[PDB]
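Should a chain be cited, it is by its letter among A, B, C, D, E and F, assigned in written order, with residues numbered from 1 in that chain.
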Amino acid sequence: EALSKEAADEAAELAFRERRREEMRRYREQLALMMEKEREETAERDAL
Amino acid sequence: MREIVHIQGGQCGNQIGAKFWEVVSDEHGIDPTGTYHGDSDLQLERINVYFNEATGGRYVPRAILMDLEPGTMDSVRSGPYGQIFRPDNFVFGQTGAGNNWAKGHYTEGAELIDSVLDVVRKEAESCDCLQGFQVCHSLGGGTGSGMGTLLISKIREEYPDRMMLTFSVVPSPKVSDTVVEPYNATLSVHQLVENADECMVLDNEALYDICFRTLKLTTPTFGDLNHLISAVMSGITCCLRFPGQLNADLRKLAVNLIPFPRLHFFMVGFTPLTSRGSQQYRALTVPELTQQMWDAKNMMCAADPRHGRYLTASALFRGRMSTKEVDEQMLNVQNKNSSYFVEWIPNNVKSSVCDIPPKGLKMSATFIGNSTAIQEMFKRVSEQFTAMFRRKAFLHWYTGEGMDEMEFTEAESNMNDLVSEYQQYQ
Amino acid sequence: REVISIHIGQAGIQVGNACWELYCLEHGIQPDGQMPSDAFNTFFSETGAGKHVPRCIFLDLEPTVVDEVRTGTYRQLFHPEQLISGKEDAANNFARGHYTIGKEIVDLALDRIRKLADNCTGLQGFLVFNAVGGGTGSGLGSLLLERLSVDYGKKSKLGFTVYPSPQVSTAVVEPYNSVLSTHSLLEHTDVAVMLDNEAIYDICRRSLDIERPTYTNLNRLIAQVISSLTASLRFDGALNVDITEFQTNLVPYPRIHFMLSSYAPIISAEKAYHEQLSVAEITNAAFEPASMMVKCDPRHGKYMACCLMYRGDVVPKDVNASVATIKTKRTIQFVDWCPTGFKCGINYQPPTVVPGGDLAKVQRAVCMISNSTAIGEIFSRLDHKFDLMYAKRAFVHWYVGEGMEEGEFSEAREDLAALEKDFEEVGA
Amino acid sequence: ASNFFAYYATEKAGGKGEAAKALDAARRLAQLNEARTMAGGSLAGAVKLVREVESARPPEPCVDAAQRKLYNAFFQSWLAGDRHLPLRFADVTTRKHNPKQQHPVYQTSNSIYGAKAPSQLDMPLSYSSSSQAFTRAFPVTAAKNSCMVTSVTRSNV
Amino acid sequence: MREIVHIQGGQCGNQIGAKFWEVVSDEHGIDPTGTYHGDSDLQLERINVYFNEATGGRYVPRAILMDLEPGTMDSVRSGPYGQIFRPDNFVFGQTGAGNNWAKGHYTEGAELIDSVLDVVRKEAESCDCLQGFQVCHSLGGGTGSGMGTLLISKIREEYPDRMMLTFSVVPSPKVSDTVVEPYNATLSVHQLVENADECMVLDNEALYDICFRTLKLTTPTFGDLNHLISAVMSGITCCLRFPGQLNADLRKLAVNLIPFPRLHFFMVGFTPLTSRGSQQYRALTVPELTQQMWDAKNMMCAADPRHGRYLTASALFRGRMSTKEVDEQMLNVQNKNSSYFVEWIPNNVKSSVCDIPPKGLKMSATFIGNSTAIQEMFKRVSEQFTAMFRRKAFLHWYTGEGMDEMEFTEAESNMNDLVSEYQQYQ
Amino acid sequence: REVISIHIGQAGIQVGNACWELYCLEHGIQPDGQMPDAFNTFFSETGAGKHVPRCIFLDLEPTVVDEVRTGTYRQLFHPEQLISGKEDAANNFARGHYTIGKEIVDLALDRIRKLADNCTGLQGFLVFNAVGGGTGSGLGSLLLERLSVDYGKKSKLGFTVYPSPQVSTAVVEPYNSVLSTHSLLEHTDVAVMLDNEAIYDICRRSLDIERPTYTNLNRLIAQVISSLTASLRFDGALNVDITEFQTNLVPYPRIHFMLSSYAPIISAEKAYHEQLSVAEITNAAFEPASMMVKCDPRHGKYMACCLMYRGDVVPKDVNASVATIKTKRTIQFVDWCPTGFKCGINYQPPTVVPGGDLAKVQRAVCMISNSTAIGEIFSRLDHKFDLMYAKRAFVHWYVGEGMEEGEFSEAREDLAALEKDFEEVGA
């Protein structure tokens, strides 16, 4: 019983590691789009 | 037959008691929904000590929760086994003391302590024969120390022939959460020495050390420390709830541990506490339990027993064992380390055995020791109290509310004479 | 448990505009103010069905910024009666904003916040935002806190003021306003948290690495600090503290209430990718002068007490170890009286990220609030340059024409001298 | 099937856990103990009878070896035991941005605060709110003691 | 009934002990998972001397590992039989002394020695009656030598009535790794003459010579040398683990081989040791085992026995043998080479026989002879020590740590009086 | 086991560029910063799937720093590690030690404090600098002295590049060398010199590179450093950490000057013809043709020696080879230490780098010893330094910087005292 509980424990820990890695990979993408939008707004500014 | 109520004060007390109730409910085989689902019949005869028959297998804990911030109640109820407590026992204020002994002893006490007194009275005369009371609270906080202490005083002046257990966590420089820790601790210990019959001294630093070395835990959240303390309370009262070859209730332990009325502060330890990896290489025998028991680092307090002497000691046992092995092991541990034991008291150890071990372990043990080494922590607290009290730092928040200085003088003098007599008996 | 926030002056309501925007994005509340198809109860009182109004008032004398906020994105959010507005600006005049215009504008704010508190049931306290450099935030703000103190008194009032920087200054007569404001702030506000401007400029230039930062980022960071110190009230954690803890745990004497605030980690979007986040390095990051919200030097001073507000995924064992290691180090020194000068606290939810901002999302952050004697040097530095101009009776004619005299100036100067003496004696 | 596929995915990646080999060793010791009970206290007879029992089973047709013993070990473990947010935060499209658009030439500084579209990844991962429903259901904090004592005497006889 | 604990120090000691545990486990039929898989029941009655019952037939070696670099631990765990050790006995520092006897005896030892004594007391109290302690280390390194030296001193002041075996690999100028070899060796041998009950001298130059000539290997890795040493240490304690026609425990050999309390250094030889090609052309008879024993090239030290006199000698025999053949062979080898044996002690050999040969070999033998030929290596190292100390080379690292010159003078004086008494008895 | 590297000077940054690319290549870490426990001594596991080197490049001229910032390893290094100044010291020790150093050294120290805070089992530090230049000389001494003030007992390895006697790129470099040695005497713990003209001869003879640039020089320097640190990085049959060089190769508190060697430096074509064993490479590591310092060990006496072995190496034949070397009379040792050697064996062979000029060799040897050739090198430098100082040439720049003539005389006298120390040790 003790060994089975321990094994389930590291299984859950590995699952948490995997989901956190996926989230960290997800969080990156937003910056570039905002960058291009800001350049477009500045271009509109200078044209006007 | 014998009855023990449970009182939890403050956030620390509420969480520790919630874990304790989870552990005892699991031990008696009752599911979080509140219905019995166990297998052994032995679990049924000794649940009136902690539960009550409501409606066809519905059991409600004999506990009273008191606090001032709804966050604690929400945390208690949100988690599992939170729907077993009766809402009527949720005596509860609204303002908040906030790490202020004066507030929690004079301002919010006068309007909330009467209500919890009525609740605990209704819960007390509901049962047949009171064995004692069990209170869990902190000593650094405001709503846990002051209100809990005043509740202790009122109950003692109400029921003087009924015993009292109070598990109190104490502050340390290594684990120091609030800034007014000595100011609260000195008054709390000054009031507890005459009111409480005995207490179990606890602290976070020793628990952190235990879960680092023995448990080898990576992220030891508060849950693990509360689990250890709940196992401690389950072990200390296991004799009432299960038969054994040598029964010993709370009164027997108290009379066998307290030689003088002011010598009622104990340090507690639990065993076995093995790491997740070394559990397979370990052996299960009485000498192993005894050796892991008397270890200095296994104690749940920041007081090395090797710096003093043991006045009286007690060990509570659970599992199918042999009494002769226990007796000879205690005789051997007394004979080997003869210097650490007091001289004018033969047989400084009281032993007891219970036939029902906790599930998941074949053999368990609980150690309660009354050594004089605890005086160093009292000196450590009193020197901080004097250092902060010399120039009246943080003082007027107490005095400006109704508190006064000569009570601080009384508390420091009481601490000084207590540590002086501890040194005397060393 | 609920707390209401009032904003006084030009800077106060800008900080409030940042703060409420952060709150709305944090609780998922749309800018209009309704739930898209429970912790908000301490700030938003639910009106009707699916509609929330903030427990705040924005009051000022010049109506330009007030009605600009009125016509902004958050028209449906703020209640129309809450946004109090005057008729003529005090024009950087403490006397004008404290006695001429304050007399006919404070009563409306008073009987407005009276019914706002009547709506409340578990009022923990108050928190005020104002700038001492100006006149509106100084004069009528000080009057309003005085009347609040004579109204409730026992209830906490948190003062997050903005002092002028020593070398960076926008106004000229601002030392007079700061001195006159402090003359009542010393004995009226219960707990005050100090914030300079040049310190935040250095923080965003060095750490956040924006070479052209404006007031928007400053207000965003101030809102982040307020959210970090209030998330314990809003959200549950392993060890939560309320607004009352700062009354006792951080104040050593009834007249010594000026906290040094700091926040960590102040990190840009790209830097978070490179470095590793843990409790030890952010705890250390909360103690260097390069991460202070007040331009001063803690090295020349001694810490009386410290507070640690923590958000995110932090266990207690490692923060306790970090505190122990900080105590062992001798680079910083505590006062001879208090050996345990710490006050820690943990909350589960990490700080949220504002869209369009430069602050990257962080798993765990620290909001540090301490008390040192460097403010004893700050007040002396301010008073020296206050005496410099006052010695020649410069700009005094405006104030005396408003109706006052030399008596209050002299009494405020000697009050600051007495406060300096208290700081130097408490330092020993 | 799901447990077998997860198991095989792990063994291919060399992901066998420390608790896993401890369990395997414990099972081997249990088999040795059962063999001891079969053949008496002598462990020699136990390991012998284990070896003849293993060798007595007739082999079955196979195409390969590694997958065969892998499936056998997995099924032995299977017999032993089983081993293998509010709607507003989950989705952002539910909320309406409906911002106040301003003339491109004339842009005030205070308009930046409330004009930016949130994204899915901008939302928090977990929203650990506190439900005050139970505390709200409680009456006013002004309690009172109004009762008549009717406790039966239960002396300990 | 009699138990032996194992202590290993440093990289070389840890690897030697790992090989020793591997070969002993193979001899007793214990798999790398700690379970029994042998064939004869005789392998079970005498495993308490090195193993402990953990949980239903799980065996853990009675060993304590101690060292100062994590690479050692990683190497121990990487190899087979590395998972049988209990992790609690993996006592381990963090910084490393680094070939500095002063560091490993004063700085790192000061805070790590309390834990190693704690764990060795834990291991010693587990059994009933200790037979002796076994320590494996070298005299060239700084970490192993100093820490093992101070640990031996602590054990001697703690348990002075128990036997002690220490295996030390002493450097030679031919095979010399580190520059500070004489400084470490002199101090280690200075402390060993008053603490260790007896010492077993080993040398890598002789191991290289024997694996070049007798084994004829082309790449004699450290594994082969450790295997040879492991076979030797298996042979010396074989009597306790297996019954024989003439038993001889560690105490019996120590008392029959040590004539004076300062004369406790021995050279080692083991038979049979032959090439695989030459194993087919060789027979298994006792005169041939004897001639392979007494060959001066078979000794595992840089000390030619023919250059001195044999004080005492001992032969350990394994396998069902003839006693008459054994003692007649010893009588003949004494009668023929009568010059090499001491005059005032007749019958300079103690003989014993065991009925259980090592696995794979029908007959084996071990030699432990105490002669005066070992004093030449003591002079060999003391002349280097004096040459280095004459102008104080490499001294400020030792001196700057706290130890001073009088320790060096005492160590060299002890070495000179030791060699003078060796010459006196020659 | 953690150790950090800091690089001071134009040469130091290029050396670090070679060393870190070699480290990432051998550890299989892509230039982006993630792999597709051994790396723990050089890289920090930040977040998830990201490694940052434990290094800082600090200099005054920003050209090389921005070249690194715009190179291939843009995302490899944390951006604010790369400390860069605004104006060069311009080969002026006084300027780099008092003018610019006082404003730039504090930031680097505040960074390395946090870098060590991140570390937990810090073995020590190691510095890379060329004493000929100004930035590598001036602020390097201040950084080292305040390092000794802050830590002191932690090992500080000084890998310097001394100017060649007849080969030179600067003019006032004797002054910088003297003033740098004045502090390097009592500041660093173990110092290793590597001359440039000796490397030129090695590559001309062994690698037959008729037109070599600094890239090959830094590549082989990185190979030497990797061979030195491989024992810390990977376990071997006989491991040896950095602390040993303190206690095993320094005979006197003021005599810490190591001559380095590496073998075999063999081209790809020559590798297919010459059979690799231990005896020939051990012999090859002792002739002056395989020295990175232009000195003659025959005129000197070896006090001690250290040997690094990587690849397929067993102890038996290396002991046989060292015994044969000891029996040989072509090289003489000091009369004090008879066992003047130190061996070390590691399993992992040195790796090859695309674009490099070394072949896949089964084994390699790195030799570090100590002789009195340092005594003649220092004397040769001191004669030309005195030739410079006799007419007070270029002294006016240092004087106008804020310095005087006292420290020049005291440094000259310190060099004379060192020469006396070498000549009395040689007795």
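Following the convention adopted for this analysis, a contact is a pair of C-beta atoms (placed from the backbone, for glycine too) under 8 Å apart; a residue touches a chain by one contact, two chains touch by 3 or more.
Relative to the C-alpha centre of subunit F, the farthest chain centre belongs to B.
Of all the chains, the one whose CA centre sits at the greatest distance from that of subunit A is E. Between the Cα centres of subunit A and subunit E there is a gap of 59 Å. Here the spacing of subunit A and subunit C, counted between their Cα centres, is 32 Å. Spacing of subunit B relative to subunit E, judged by their CA centroids, is 53 angstrom. Centroids built from CA atoms put subunit D at 22 Å from subunit A.
Among all residues of subunit F, those that touch two or more other chains are 47. Within subunit E, contacts with two or more other chains are made by residues 55, 58. In subunit A, 3, 6, 9, 27 are the positions where the chain touches two or more neighbouring chains simultaneously. Contacting chain pairs (ordered by label): A-B, A-C, A-D, A-F, B-C, B-D, B-E, C-D, C-F, D-E, E-F. Of all residues in subunit D, only 17-20, 22-23, 26, 81, 83, 104-105, 119, 121-122, 125 touch subunit A in the complex they form.
Here subunit E touches subunit D in the complex through residues 33-41, 44, 55-58, 83, going by the rule given at the top.
The touching residues of subunit C, counted against subunit F in their complex, run 270-271, 273-277, 280-281, 284, 288. Subunit D contributes residues 21, 24-25, 28-30, 32-33, 42-44, 47 to its touches with subunit E in the complex.
The part of subunit A that touches subunit B in the complex is made up of residues 1-3, 6, 9.
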